[PDB]
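Shown below, as C-alpha cells, is a lone chain in the form deposited in one PDB entry; questions about how it binds or moves come after it.
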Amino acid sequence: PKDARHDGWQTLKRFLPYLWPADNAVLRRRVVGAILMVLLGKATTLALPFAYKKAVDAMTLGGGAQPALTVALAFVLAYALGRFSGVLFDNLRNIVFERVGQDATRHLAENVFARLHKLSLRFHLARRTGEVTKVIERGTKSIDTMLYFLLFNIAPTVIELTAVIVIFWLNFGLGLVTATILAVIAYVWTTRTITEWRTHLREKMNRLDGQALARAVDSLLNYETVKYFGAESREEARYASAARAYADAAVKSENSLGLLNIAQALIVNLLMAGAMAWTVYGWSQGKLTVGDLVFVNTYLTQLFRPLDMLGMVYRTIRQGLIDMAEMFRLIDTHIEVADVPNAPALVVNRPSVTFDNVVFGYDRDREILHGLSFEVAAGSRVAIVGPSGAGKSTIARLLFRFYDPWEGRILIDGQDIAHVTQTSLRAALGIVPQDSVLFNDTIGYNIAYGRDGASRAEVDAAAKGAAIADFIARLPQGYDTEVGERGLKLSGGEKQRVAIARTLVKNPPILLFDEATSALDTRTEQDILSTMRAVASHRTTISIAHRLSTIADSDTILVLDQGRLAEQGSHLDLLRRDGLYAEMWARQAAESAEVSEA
C-alpha cells in the first residue's frame, strides 16, 4: 500500500479508487463507456488512413479511367466520415468522463477537508485568505489539468503508438518500426530535458512578475504617503526597473519555448523524411503501393500530433502529481488528539471542573504548567488570574482538549475528558474568547451557529440575553444583515455580544470567559461585564482575566504562579493575605492612577 517507492505511480494508484468508487455504480458505467469511446476513437483514427491509401491505390491501379472513380469516391468519403467520427468519439469520451473526473476530485477534496478538521490546532490554521486561496486555486487547476492530460492525452497516445508499432511491423520494415521507435525516444527525451530547463526559467519569470506587481500595488495603496513625500517619480522608476527585470525573464522563457519547438520539429521531420524516402524506395521496387506513402505520412502525423503538446503536458503532469502527493500526505498525517476506542459520551449532571496535577506545554522543550491542581465547584463563579509566567492562557485550550496534558488529567463531573468523546466534551463547554470571529454570513447565521438546529426564536432569545437585540432590530435587514466582509463591520463590543449570544444558543453547563474583555475599551468593558454576570447565572463560570478589578466580585479566585496554584480565595481574603494577588492588585491600581495623572 503506502509501503512503496513514493513516486507518481503510488500517488496515482492511491487516486484510482476515486475513479472506480465501488460505491457508485453509475460512475463505474461511465468509466467503462469512456474507455469504449477511447477504443472506438483509436480504431477509427487508425482505420481512416487505410481509407486514404485505397483511394490513392485505386487511382494508381490504375490502367486509365476505370471503375476506379467509384472506388476512389467511396474511399475518400469513408476517410472524411472517419475523420468526423473519431472527433465525435473523442468528444463523447470527454463528455462521458467529465462527471467521473469532477466527482472523484470532489471526493478527494472533501476527504482532505474532513481530515484538516480532525488534525491538530498546532498546525497554525491562521493565515491569509488571499494566499491560501491562490494556493488552493493553483493546486486545483494543477490536479485537474494533470488528470485530463494523463487520461486523455498520454494513455490514448500509448495505445496509438503501440498500434502503429504492430501495424508498421506487419506491413513494412522493420527498419520503419525501429526508425519510428527511435524517433519517439529521442523526441521524448529531448522534450523532457529542455522542459526541465524551461520550467526553471518559468519559475524565475513568475517570481519577477510577482515582484513588479507587488511594487505597483504597494505604491498605489500608499498613494497618500507617496504624495506626502512627492515621490511619484521615485515610485515610477522603482516600478519600471522591476518591470524590466520581469520583461527580460519573460523574453528568455518564451525564447526557450522556440528552442523546444524547433528541436521537436527536427526530430519529427528527420523521421518523416526517412520514412517517406524509404517508402518511395520500396515502391520503386514494386514492394509497396503509392498509397503506402500517404499511409505512412498520415500515420506519422497523427502519431505526433498529441506529442506536439508534450513539454507542457510533462510540466503539468509533474506538478499535479506533486500537488496530489501533498494532498495525500495531509490525509496521512496523524492526529494528535483522539477519542479512545469505544469512548463513552460525557454526561454532565454536576458541572464541576477539576485540574489534577496537570503538567503541560505546547512544545516539549518549554513546560508551562508544572503540576497544576484546582477544584471548581459546580455553579460557582470563579476567576483564574496570575502574572506573566502563570500559564493561565493554557486553561481554555486544555479544557476543550485542543491538547492533552503531558502528565495529569482534567475532569468534568467525575470524568477524565481524555477518555470521553471529543464531541460530548465540547458539547458541555461555552467559551467567549478574546477576539471572537464572525463568519462571512448573516448575524443570524453567526448566532445560530451555537447549536446545529437553532430556530429563530432561539436566536432571538439569545440575542436578548446578550443584549445585542436592539442593535439588530435597528438594522434594516435585522438578523439577515450580512456581517464579516464584504459585510457590515461590527464594533468590538458588538462582536463580543454576538459571541455571548452564540454561547447562549448553545446553552452549556460550563462557561469560560477567556480574556473576554481584554480588547475592549473601558466603557465597553464595564457595559459587557453586567451582561456577562447575568449570562453566568446558572452555569459554572471560569473567567480568565488580566485586569483584576474586572473579576473582584467572583465567588473565588485562583491565583497561578509558575504553572502552579499559588493562592486561592475571595477578593477580600486575598487582599488580607498580603500575598501575590494583593501585590498585583496594588500594582494595577497604581498604574490606573498613573494613566489618570496624565
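Note that residue numbering begins at 1 and tracks the sequence as displayed. Throughout, rigid core stands for the largest set of C-alpha atoms superposing within 1.5 Å between the two forms.
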According to the deposited model, is the average Cα temperature factor higher in 543-551 or in 54-62?
54-62
Mean C-alpha B-factor higher for 507-515, or for 338-346?
338-346
In this crystal structure's PDB entry, the residue among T421, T522, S256, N206 with the greatest CA B factor is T522
Residue, from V164, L213, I431, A237, that the PDB entry assigns the highest Cα B-factor:
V164
Please place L39 in the lowest, middle or highest third of its chain by C-alpha B factor as given in the entry.
highest
For the chain shown, is the CA B-factor of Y445 in the lowest, middle or highest third of its modelled residues?
lowest
Which third, lowest, middle or highest, does the C-alpha temperature factor of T556 belong to within its own chain?
lowest
What third of the chain, by the recorded C-alpha B-factor, contains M532?
lowest
C-alpha B factor of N24, ranked within the chain: lowest, middle or highest third?
highest
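This protein has a second form, the form deposited in another entry, left out of what is shown; the following refers to that one.
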For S537, decide whether the Cα shift between this form and the one not shown is 2 Å or greater, given a superposition on the rigid core.
no
